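To begin, one chain is listed below as structure tokens, in the form deposited in one PDB entry.
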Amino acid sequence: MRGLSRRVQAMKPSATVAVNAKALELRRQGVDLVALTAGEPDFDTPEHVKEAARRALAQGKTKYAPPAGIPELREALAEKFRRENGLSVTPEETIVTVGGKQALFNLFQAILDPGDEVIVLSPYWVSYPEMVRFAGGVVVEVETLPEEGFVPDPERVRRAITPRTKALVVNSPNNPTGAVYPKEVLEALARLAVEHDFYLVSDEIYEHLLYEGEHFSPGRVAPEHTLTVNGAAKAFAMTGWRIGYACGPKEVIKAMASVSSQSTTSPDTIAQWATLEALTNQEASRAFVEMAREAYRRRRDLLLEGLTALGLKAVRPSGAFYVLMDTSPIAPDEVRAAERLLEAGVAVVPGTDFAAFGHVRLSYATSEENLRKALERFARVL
């Protein structure tokens, strides 16, 4: 018989997709929309990285790479994780993937048997629950509150642990909230993993997009329980390159490379060489990160002042480039809110898919000029 598998059939439809199509309708009928929907840097990838790609091409590095990545990059990864994150890892406890999303996907395929439970903290990145379910797992959600600045309360996470708990996913700096979790909270979560024996999955791709506080990595205290996920996409404006990386327990990294061998073989060889330059030339990369961080901070401040002036509520973000805005004064729910804003000329992402009901995610990875136009149209709606 023909027909699709149960797993692919159990994929819920996005609310973002529904609003996106309407936005195209408007653009097509000539409506000028200011988009605050981007999930990637507006900056282009830095030249030192582009130049390394050009050299790789000229040197004919166009052949299959090992499943876990080019050895040079794995060594560079071991250094980065130790130097920047205080993580005690060897090159063999490192892996290169097709974006940080593939590292997460491979991870769940490697540790989840049907029925295994994964604790997710809402609001969450849309992809976490889908990948957990795809591998046959069970999503157990724990809520973080706006009045607590979207920082998890360890006691609330405590209530979601059962004997079937396999993993707990933590994402700081956070997408969609922009919250940076304090080290004491992160240490508390790591103690739960060690006490209850499960994996702590730390999604740290926004580590360099930090305006205040410090980025702490839970693997510093519980290396055998923690799988650290990261990548080049957000910090180096390399979303289209598809290069992610992770480190953690040897047995898990090895299993993750086995999954890559049966699915993608290895990430694009030229992108691996270009990423190696991003990691080795610290001087040029630092210059890009500081330039981007200063620009995002200015943009965040501009946006927040404006929202506040209008009376619109938003928890001040400490990292990444997103702000979750309460839509109560605009409409009774996010989707309706998103549609009215579309009609006023502003495209936003409804919070539905992230489990951030009553909110809309705004992205400031745009120009100041665009941010001021958006605040104007927002004022009209009000």
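Only residues modelled in both forms are compared. We call the rigid core whatever largest set of C-alpha positions still superposes within 1.5 Å between the two forms. The first residue of the shown sequence is 1; numbering continues from there.
The form deposited in another entry exists for this protein as well; it is not shown, and the discussion that follows is about that form.
Chemist: Would you say residue 27 moves its Cα by 2 Å or more between this form and the one not shown, aligning on the core?
Modeler: Residue 27 C-alpha, core-superposed: shift of 2 Å or more.
Chemist: After fitting the rigid core, is the C-alpha of residue 366 off by 2 Å or more between this form and the one not shown?
Modeler: No, its C-alpha moves less than 2 Å.
Chemist: Look at residue 17 and decide if its Cα position differs by 2 Å or more between this form and the one not shown after superposing on the rigid core.
Modeler: Residue 17 C-alpha, core-superposed: shift of 2 Å or more.
Chemist: Considering a change of 3 Å or more, are the Cα atoms of residue 175 and residue 16 closer or farther in the other form than here?
Modeler: So the answer is closer.
Chemist: Quick one: in the other form, is the Cα gap between residue 13 and residue 328 smaller or bigger than here? Answer closer or farther; it shifts by 3 Å or more.
Modeler: Farther is correct, given that in the other form the C-alpha spacing of residue 13 to residue 328 is increased by at least 3 Å.
Chemist: Superpose on the core, then tell me which runs of at least 3 consecutive residues have all their CA atoms shifted by 2 Å or more between this form and the one not shown.
Modeler: 12-31 is the only stretch that shifts between this form and the one not shown.
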